[PDB]
Structure formats: structure tokens, C-alpha cells
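Chemist: fold the following for me, if possible:
(chains A and B, ligands or ions: 4)
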Amino acid sequence: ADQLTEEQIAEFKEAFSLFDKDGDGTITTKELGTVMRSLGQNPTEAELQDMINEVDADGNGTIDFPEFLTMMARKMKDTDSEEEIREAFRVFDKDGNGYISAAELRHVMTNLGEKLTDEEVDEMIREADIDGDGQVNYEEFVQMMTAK
Amino acid sequence: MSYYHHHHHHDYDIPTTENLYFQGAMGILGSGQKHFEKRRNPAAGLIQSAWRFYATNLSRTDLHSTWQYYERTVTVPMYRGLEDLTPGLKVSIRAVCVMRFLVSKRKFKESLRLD
Ligand SMILES: [Ca+2]
Ligand SMILES: [Ca+2]
Ligand SMILES: [Ca+2]
Ligand SMILES: [Ca+2]
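Modeler: Residues are numbered from 1 along each chain as shown, chains lettered A, B, ... in the order given. Ligands and ions are numbered 1, 2, ... in the order given. Have a look at this structure:
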């Protein structure tokens, strides 16, 4: 119903403009690898193939603008509708009252799903200035993700 | 050491194996909890990937001093005369990060399914 957002599309269009590099108007898997190297990352060819799997309705091996727009736009639906990240925090609440214990929080983040070391979970706690005591709220994390 | 850490005392040491195996007992901790366990796997992956995604853009003017120096030093980039701001760099890194976020959403939905 609501009109689509042009200001947000403009960011997507600049990303599309940067990403095409052989200059044929469309973004293929080896161009994504070319972008990755330019960001100092040399992932495996299989990883580059796999991370593209989402994008296309018809599977055309190169990423057209609306599909690229959907890849970029899809993240915006999580930003616009914050229900997914808010619910993603909610499924870990041991007591059901909105406050999560700090000790509980480290083990389920560190050892599960994507695995990250203690130094990486330190950044999440410290840079959001979370307190030493066990009660940590997760609403502030969603607001940090969406406010800026 | 008269006191015992675990009341059951089934074995001296516990062995953990990565492979699932063909046959295993489900176990009981309250079976309804296991519905949350399947859901938690995409939630855990999305939270980790989102934090990794946000950290790349965390700061420009004062913080991310080291990142700023590493970006300035590289030879390939041209003198940035035309545009003072560098959002395009921030957009470019956070654009590649979400491909992992989205595919982790599909893969961890597959992990939710147990097929
Ligand atoms: Ca191209
Ligand atoms: Ca297509
Ligand atoms: Ca709680
Ligand atoms: Ca606290």
C-alpha cells in the first residue's frame, strides 16, 4: 500500500554501481570474489557460490538489479520490521520476564550457531556498555541495531 | 575428596563426539523445550552475523582509527578528491556481510527441519 522508498533505493543503486566491475551491467560470482578481495577477504569459491544462493527467483547465475535490490531490501525488512531480531533475542529468555542472565548469554552465543571467541563476545557487551550484574535487557540491542 | 560434584556419578569423564550417529535416545529435560532448541539455531546465527555486520560500520571520525589507517595505506585507491565522505565503503562491507546473514537464515532454517 505505502509507496516504495526512493531514498533507501539510492543506497542500493550505489552498491550495485560499485559491485559491477567487468562492466556488463550485472553482478556474477567471480565479481563478488573481486569485491571480497578488495575488502581484504579471500573466501573459498564454494563459499562465494553458496552465499549467492538466496538471491534469484529463476537462478540466472548473475544478479540483476531487482534481485540485488531484494538482497539489499531484505535486510531493510528486518530493520523496518524489527520483529525478527526482537523474537530472535526472545527465544533465549530462560525466565520469561524480559531480562536475561549474563552467564546464560555467553555460552549460547559462543558455542552455538555461528561460533565466536570470547574476544568477539566482549565487543557486544562492552561497546553497548552493558552492566556487570546478571540482568541484561535485550530491547536496547534491537534499538541500537535499528535507531541509527 | 568426600564431596561429589555430580550426584549420579555415571562415569569419571564425559566423552563428546561430533557425529550424530544412526540411533540415539532423545532424552528428557522437558520435551517441549526442544521446540525452542530447533528455533534457537537460526536466532543464534542471525544475532552473531548481525553483530559482525554492525561492527564494520561502528565508527569513522574518532574510533576505527586502525581501520582508517589500513584503508588509507592501500595502493589501489585514488586520491578521494570528488567526495569527502566514504559511505560507499561502509555500504560495500555491510552488503557482503548480509549475504552470509541471509544464507545462514536459509541454512539454519534447514537445521530447524532435521531432514
Ligand atoms: Ca559484471
Ligand atoms: Ca533472476
Ligand atoms: Ca527474562
Ligand atoms: Ca545488567
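Chemist: just want the most central residue of chain B.
Modeler: In chain B, the C-alpha closest to the average C-alpha coordinate belongs to residue B:48, at a distance of 3.2 Å (C-alpha atoms, centre = their mean).
Chemist: you'd agree that residue is up against residue A:109?
Modeler: Yes: in this structure residue B:48 lies within contact range of residue A:109 using C-beta atoms under 8 Å: 6.7 Å. Every residue, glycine included, has its C-beta placed from N, CA and C.
Chemist: joint contacts of these two?
Modeler: residue A:116 (C-beta atoms under 8 Å, 6 or more residues apart in numbering or on different chains).
Chemist: tell me the contacts of residue A:146?
Modeler: Contacts of residue A:146 (C-beta under 8 Å, 6+ apart): A:79, A:82.
Chemist: in whatever helix or strand residue A:141 lives in, what counts as buried?
Modeler: Assigned by DSSP states H and E, residue A:141 belongs to helix A:139-147. Residues A:141, A:142, A:145 are the ones in helix A:139-147 that count as buried (16 or more other C-beta atoms under 10 Å in any protein chain shown).
Chemist: over to stretch A:57-68?
Modeler: A:62, A:63, A:64, A:67, A:68.
Chemist: quick one: contacts for the residue nearest to the centre of chain B?
Modeler: Here residue B:48 is in contact with A:109, A:113, A:114, A:116 (criterion: C-beta under 8 Å, 6+ apart).
Chemist: include distance to residue A:75, secondary structure and neighbour count when you put the residues you listed into JSON lines, please.
Modeler: Output for the contacts of residue B:48, formatted as JSON lines (distance: C-beta to C-beta, whole Å; DSSP: H, G, I helix; E, B strand; the rest coil; neighbours: other C-beta atoms under 10 Å in any protein chain shown):
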{"residue": "A:109", "distance to residue A:75": "21", "secondary structure": "helix", "neighbour count": "20"}
{"residue": "A:113", "distance to residue A:75": "18", "secondary structure": "coil", "neighbour count": "21"}
{"residue": "A:114", "distance to residue A:75": "17", "secondary structure": "coil", "neighbour count": "19"}
{"residue": "A:116", "distance to residue A:75": "20", "secondary structure": "coil", "neighbour count": "17"}
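Chemist: let me know the closest of those to ligand 2.
Modeler: Top of the list for closeness to ligand 2, among the contacts of residue B:48 and by C-beta to the ion, is residue A:114 at 28.2 Å.
Chemist: for the closest one, which non-adjacent residue is closest in space?
Modeler: residue B:48 (4.0 Å; C-beta to C-beta, 6 or more residues apart in numbering or on different chains).
Chemist: roughly how far does the one you found sit from residue A:43?
Modeler: 17 Å (C-beta to C-beta, to the nearest Å).
Chemist: tell me the SS of the most centrally placed residue in chain A?
Modeler: Centroid check for chain A by C-alpha atoms, centre = their mean gives residue A:75 as the closest residue, at 6.6 Å. Residue A:75 falls in the helix class when you classify it by DSSP: H, G, I helix; E, B strand; the rest coil.
Chemist: that one and residue B:105 touch, don't they?
Modeler: No: between residue A:75 and residue B:105 there is no contact under C-beta under 8 Å: 10.6 Å.
Chemist: how about the longest helix along chain B, which residues are buried there?
Modeler: Counting by DSSP state H, the longest helix found in chain B is helix B:87-113. Neighbour-count burial for helix B:87-113 flags B:89, B:91-105, B:107-108 (criterion: 16+ other C-beta under 10 Å).
Chemist: for residue B:36, which non-adjacent residue is spatially closest?
Modeler: residue A:91 (5.7 Å).
Chemist: what's the answer for residue A:8, then?
Modeler: Nearest one to residue A:8, counting by C-beta to C-beta, 6+ apart, is residue A:76 at 6.1 Å.
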